[PDB]
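Take a look at this one chain, the form deposited without 5-methyl-1H-indole-2-carboxylic acid, written out in structure tokens.
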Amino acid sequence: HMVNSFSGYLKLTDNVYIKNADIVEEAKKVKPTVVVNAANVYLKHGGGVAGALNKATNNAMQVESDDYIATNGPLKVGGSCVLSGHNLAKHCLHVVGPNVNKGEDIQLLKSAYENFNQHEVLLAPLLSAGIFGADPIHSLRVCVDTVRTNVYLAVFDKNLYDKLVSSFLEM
């Protein structure tokens, strides 16, 4: 036992790894330097990954997020900010993917993944792929084509994990 030690990930490419896991359980076990949040521009951590991370910090992430946004104003779609990882990680990189359910520009998903290249190693979810309504296969593709640093993707759903791995390791 040490820190940033990932286990049970499938190596997709030289720098992209994928596991069927809860990003919160992975954060707790690994204590990564950086865990990524699938955030909105307001850092209102209502559901999905954001709700699960915030709940595991006993709401400390939401209190910090409320203070940050009241001070700085909202993020841009495709942007990020580095805040505390609380009890889960050294840092949390809050990254805003486009909300395609509200017609936001899918091109901003590439801008969102570009934020990952500022960090050597990240534990991350598939951006925009849940509540934000992007195709998860497309989100994995943009991740693989954009991110050059080491990214460990945690995919909660068993069936989604199997679909992502089979489509990737065919195409």
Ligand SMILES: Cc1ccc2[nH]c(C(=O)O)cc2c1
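Residue positions are given as counts along the sequence shown, with the first one as 1.
Another form exists, deposited with 5-methyl-1H-indole-2-carboxylic acid bound; not displayed. Remarks below refer to it.
**Message:** My question is simply whether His138 lines the interface with 5-methyl-1H-indole-2-carboxylic acid in the bound PDB entry - judged by any non-hydrogen atom within 4.5 Å.
**Reply:** Taking the distances in the bound PDB entry, the answer for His138 is no, it never comes within 4.5 Å of 5-methyl-1H-indole-2-carboxylic acid.
**Item:** Partner proximity in the bound PDB entry: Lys110 to 5-methyl-1H-indole-2-carboxylic acid, non-hydrogen atom cutoff 4.5 Å
**Value:** No, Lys110 sits far enough from 5-methyl-1H-indole-2-carboxylic acid in the bound PDB entry that none of its heavy atoms falls within 4.5 Å.
**Prompt:** Heavy atoms within 4.5 Å of 5-methyl-1H-indole-2-carboxylic acid in the bound PDB entry: does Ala89 have any?
**Reply:** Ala89: contacts 5-methyl-1H-indole-2-carboxylic acid in the bound PDB entry.
**Prompt:** Can you check whether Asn59 is within 4.5 Å of 5-methyl-1H-indole-2-carboxylic acid in the bound PDB entry, heavy atom basis?
**Reply:** Looking in the bound PDB entry, residue contacts with 5-methyl-1H-indole-2-carboxylic acid do not include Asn59, since no heavy atom lies within 4.5 Å.
**Request:** Would you mind checking 27-51 for residues with a heavy atom within 4.5 Å of 5-methyl-1H-indole-2-carboxylic acid in the bound PDB entry?
**Result:** Contacts from 27-51: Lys31, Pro32, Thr33.
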